[PDB]
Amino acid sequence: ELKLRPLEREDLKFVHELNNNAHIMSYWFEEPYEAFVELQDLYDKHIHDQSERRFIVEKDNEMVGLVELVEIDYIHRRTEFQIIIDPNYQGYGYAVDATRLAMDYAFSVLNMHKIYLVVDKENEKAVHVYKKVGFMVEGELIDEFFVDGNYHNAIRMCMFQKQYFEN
């Protein structure tokens, strides 16, 4: 059964490959450059950063993805949800199950009022999937991210604790 576990230091190599894949680092709007020692040092810096929850999406003792509950605001009770599924493990529905695991973690464990995610406006399939899981289209960010030579708009979607607990 697919599960979320803490992103451990020994796992960083996996993250390393994800952080240097331009296609992967386009879904998140991140520059696809990170030396392994740079990633290690940043991980060490954020070991005790409580604003973050970094998860390995694991299936059968296998690292299939990375789920991050970042920018966790403990007064406003909101967190940004981000997800990457390794392309070798795509097509198994791991994205939706990991998203639901992260939603349960933020709403049930972290006691968050709001979860929000940011996807590319071109990625209409992701918007439809997140709407199927319960996310509502909250807004559109115009020219928010410079990706592969062009300014891309983003769809920010959100879900709330009451709507999640009711469903």
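We number the residues from 1 along the sequence you see.
- In this entry, 57-65 has the higher mean Cα B-factor, the comparison being between 57-65 and 34-42.
- In this entry, 84-92 shows the higher mean Cα temperature factor of the pair 84-92 and 68-76.
- Residue-level temperature factors show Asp120 in the middle third of its chain, judged at the C-alpha atom.
- In this PDB entry, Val133 carries a Cα temperature factor that places it within the highest third of its chain's modelled residues.
- The deposited CA B-factor of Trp28 belongs to the highest third of values across its chain.
- Among the modelled residues of the chain, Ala126 sits in the highest third by CA temperature factor in this PDB entry.
- In this PDB entry, the Cα temperature factor of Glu144 sits in the bottom third of its chain's modelled residues, the lowest group.
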